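Peer 1:
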Amino acid sequence: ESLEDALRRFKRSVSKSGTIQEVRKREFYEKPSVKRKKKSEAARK
Amino acid sequence: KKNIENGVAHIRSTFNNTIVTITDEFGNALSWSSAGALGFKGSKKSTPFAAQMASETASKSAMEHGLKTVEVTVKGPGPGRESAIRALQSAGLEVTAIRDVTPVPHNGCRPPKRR
Amino acid sequence: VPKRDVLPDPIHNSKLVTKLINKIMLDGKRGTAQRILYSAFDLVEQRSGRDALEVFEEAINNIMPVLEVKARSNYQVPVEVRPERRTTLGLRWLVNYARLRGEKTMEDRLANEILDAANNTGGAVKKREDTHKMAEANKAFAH
Amino acid sequence: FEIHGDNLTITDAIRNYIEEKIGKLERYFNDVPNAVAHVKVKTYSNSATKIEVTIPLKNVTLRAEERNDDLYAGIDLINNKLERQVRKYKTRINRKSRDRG
RNA sequence: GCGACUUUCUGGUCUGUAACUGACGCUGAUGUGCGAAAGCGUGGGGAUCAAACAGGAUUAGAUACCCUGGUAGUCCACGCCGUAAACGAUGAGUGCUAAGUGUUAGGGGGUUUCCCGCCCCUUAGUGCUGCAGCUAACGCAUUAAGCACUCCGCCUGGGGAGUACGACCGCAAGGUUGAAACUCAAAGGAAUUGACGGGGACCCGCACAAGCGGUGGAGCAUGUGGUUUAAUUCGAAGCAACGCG
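Here it is in structure tokens:
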């Protein structure tokens, strides 16, 4: 393993799931209508 | 003075802090290092360099007993969790893996609101 | 935007000495600045019998930092400082730390100072350090 | 502070009155080095009441202005302008910190 | 309004079939029933989140915005009120009115060795663009705000006020129905120029950065205000007046 990719690979499998947006989305609460609209206003970005 | 050379690590780089705890195979506590316990505060804990001296310390203090190989486990979404491990590899260890972790609920409950 | 060459110094066939004169050349009176400087040569080239260029290149390299910082609210960043500004830096901390010695004559404090940092002493080696202390204390919150 | 007024001789009740009512604003922030006032009278033939003033600032200055029938109502206007001015100028500003990388 | 899984019950929808009855339909006053969230009640239940609130910080001040905890509630049943930007700010039913474009459930057709690749047509639903035509303009445009018909509800300047009295309902908060006095000469919609911005983007500038030098600091000339005078002759005042006229 040594070094180099060890930090890049992990970063790759970590970038796939997207931990950032998954629990950042649940960082502060929202209404259901608002959330729905938000999700709608986007699908292929 | 429990000694092996393949322990395991649990990590957490919060928005406001980034800390360490090194445990054994099962495991159980041996040491930890608070960025705040290194004089820092505030956001000064949240900076990556705080985790350098911390993880260096509890890595060092833990290989006092003697530990080189290890496995790693990282929740705590924040900055330090990719720089201070480039300080970790300099710490005297032989990392065998690094496993992501994060608590995913399944629409469980409420967070706060403001702002 | 470029930077106002000196041809050479026609003393030593050097360049650096003129770059320093122009910081000492108060009132444009090079006659008196090159006066007090030539005095500086014979004096320091007497004490600890040597050359200028030895104590000069020595002591100018002993105070000269390789880092300093800058703000940008204001967050203070570490940077490898660029070389000519690093030159005029060593020059400036040198002379501006020099005159505050509480010493009468044009030159004795100067040679005292370059001889100071020649042995890794003096407050300009000290400020070099504190620059190199803030720097690497300045890596956390800014790098 | 600087008070020159044409076609009229100033008095003293207006001084304590106006300058005290200006002093009320050290809520924010006063900061009271200069306060230049300015007046004149001007036949129309309804024929005037000029009420003009600077209230300069740290690193900047200002202007409030008014013309009236009368100095009391006409003055309550050199004040209840500067108030809103000084207030904003302090709000402002920008702190909502936010780490980076 | 309805998004873990399964089963039990269970209504409704679209296709083609058209063989069955043979105009049996449409609307719908009065009426009766469902009905977000809050909320009241009887109890239960109570992990998070949380009005009220306790405390902390900030602000001149802040009962607020921010942090920590924190009750009612948020949750289940049984009930009750029955309202809303309950908005596609568009009543329902029918029939005609240019194309193109995805997309959903289905049908039929062709294409390929067999369509699994493909296309054609069609039915219902679904969104985007876009002609006539309409519209004060914005926009609409086969799911019309077009063209015409049947029925229902509504409106007649604004403030007064959906307030008041009265009546009905409701445990109560309140709901529904819904005035007039007096007052005004407008209220208002759409669209344009400019102004503003504690909105955004781009650029320039001794505006920055960088550095050097300066003032204020002590003594001298001088303009102003304040003083005073019999006179201190008169004017101009942020930059743009105070070594000026």
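Residue numbers (PDB author numbering), protein chains in the order written: chain u, 10 to 54; chain k, 13 to 127; chain g, 7 to 78, 83 to 153; chain v, 4 to 104. Yeah, the Cβ is synthetic: ideal placement off N, Cα and C, and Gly gets one too.
According to DSSP, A67/v sits in a beta bridge with which residue or residues?
Peer 2: In DSSP, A67/v forms a bridge with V56/v.
Peer 1: May I ask you to list the residues that DSSP assigns as paired with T108/k?
Peer 2: DSSP output for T108/k lists no bridge partner at all.
Peer 1: Hey, does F27/k have any beta-carbon neighbour from chain v nearer than 9 Å?
Peer 2: Yes - at least one Cβ of chain v is within 9 Å of the one on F27/k.
Peer 1: Beta-carbon within less than 7 Å of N68/g's beta-carbon, same chain only, minus the 5 sequence neighbours each way: which residues are those?
Peer 2: Taken in chain order, the residues that qualify are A127, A128, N130, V135.
Peer 1: For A103/k, return the contacting residues in chain g, with the cut-off set at a CB-CB distance below 8 Å.
Peer 2: Within chain g, no residue comes near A103/k; the closest Cβ sits about 18 Å away, beyond 8 Å.
Peer 1: According to DSSP, is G48/k helix, strand or coil?
Peer 2: Residue state, collapsed to three classes: helix.
Peer 1: Is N148/g buried or exposed, if buried means 16 or more other CB atoms sit within 10 Å of its CB?
Peer 2: Buried, because 16 or more other Cβ atoms sit within 10 Å of the Cβ of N148/g.
Peer 1: Roughly how far, in whole angstroms, is the beta-carbon of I54/v from the beta-carbon of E69/v, given that I think they are within contact range, below 8 Å?
Peer 2: Contact flag correct, Cβ pair sits at about 4 Å.
Peer 1: I need the straight-line Cα distance from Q52/g to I27/g, nearest angstrom please.
Peer 2: Cα-Cα distance, rounded: 21 Å.
Peer 1: Identify whether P41/u lies in helix, strand or coil by the three-state DSSP scheme.
Peer 2: Correct three-state label for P41/u: helix.
Peer 1: Alpha carbon to alpha carbon, how far is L73/g from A109/k? Give it in angstroms, no decimals.
Peer 2: Approximately 37 Å, taken between the alpha carbons.
Peer 1: With 9 Å set as the bound, which would you pick, yes or no: does the beta-carbon of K56/k sit closer than that to a beta-carbon of chain g?
Peer 2: Yes, because at least one Cβ of chain g sits closer than 9 Å to the Cβ of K56/k.
Peer 1: Would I81/v and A16/v qualify as a contact pair, given that the criterion is a beta-carbon distance under 9 Å?
Peer 2: Taking 9 Å as the Cβ cut-off, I81/v and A16/v do not qualify as a contacting pair.
Peer 1: Between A15/u and chain k, is the shortest Cβ-Cβ distance under 9 Å, so that the two count as touching?
Peer 2: It does: the Cβ of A15/u has a partner Cβ on chain k nearer than 9 Å.
Peer 1: What did DSSP end up calling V20/k once you bin it into helix, strand or coil?
Peer 2: In this structure, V20/k counts as strand in the three-state DSSP scheme.
Peer 1: Can you pull out the residues from the region 55-77 of chain k whose beta carbon lies closer than 7 Å to at least one beta carbon of chain g?
Peer 2: Under the 7 Å Cβ criterion, the region 55-77 of chain k contributes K56, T59, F61, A62.
Peer 1: Beta-carbon of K143/g versus every beta-carbon of chain k: anything under 9 Å?
Peer 2: Output row for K143/g: interface = no.
Peer 1: In three-state terms, what does DSSP make of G104/v?
Peer 2: The answer is coil: DSSP assigns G104/v none of H, G, I, E or B.
Peer 1: So, does the CB of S50/v fall closer than 9 Å to a CB anywhere in chain k?
Peer 2: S50/v does not count as touching chain k.
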